[PDB]
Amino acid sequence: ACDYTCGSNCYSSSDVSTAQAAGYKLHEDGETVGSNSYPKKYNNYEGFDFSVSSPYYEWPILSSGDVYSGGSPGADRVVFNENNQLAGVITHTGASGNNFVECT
């Protein structure tokens, strides 16, 4: 079964955990990856009611299970905070434009 389902993508908790550990580490070293500079601040334009405190950073989670390292980031993102608490998994899939919806 899926712990998080983002459109057609299936993610297990381990998947989220491995992406999140990668995003935070980079967040801590003050480094970026890819043309869209990840991880980056997540602004909450959407106004989702996260259970963890802001500020928020987004990093891509890939359907292949590989850790993002450049090129296409895909539509899925793992959202974490300063304390490395998971806030949520979100996706551009099924969302208009560059908006996001939460993975279910």
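A residue's number is simply how far along the shown sequence it sits, counting from 1.
Stretch comparison (1-9 versus 93-101) by mean CA B-factor in the PDB entry places 1-9 on top. Set 71-79 against 48-56 and average the Cα temperature factors; 48-56 ends up higher. For residue 84, the recorded CA temperature factor ranks within the highest third of the chain's modelled residues. Annotation for residue 65: C-alpha temperature factor in the highest third relative to the rest of the modelled chain, per the entry.
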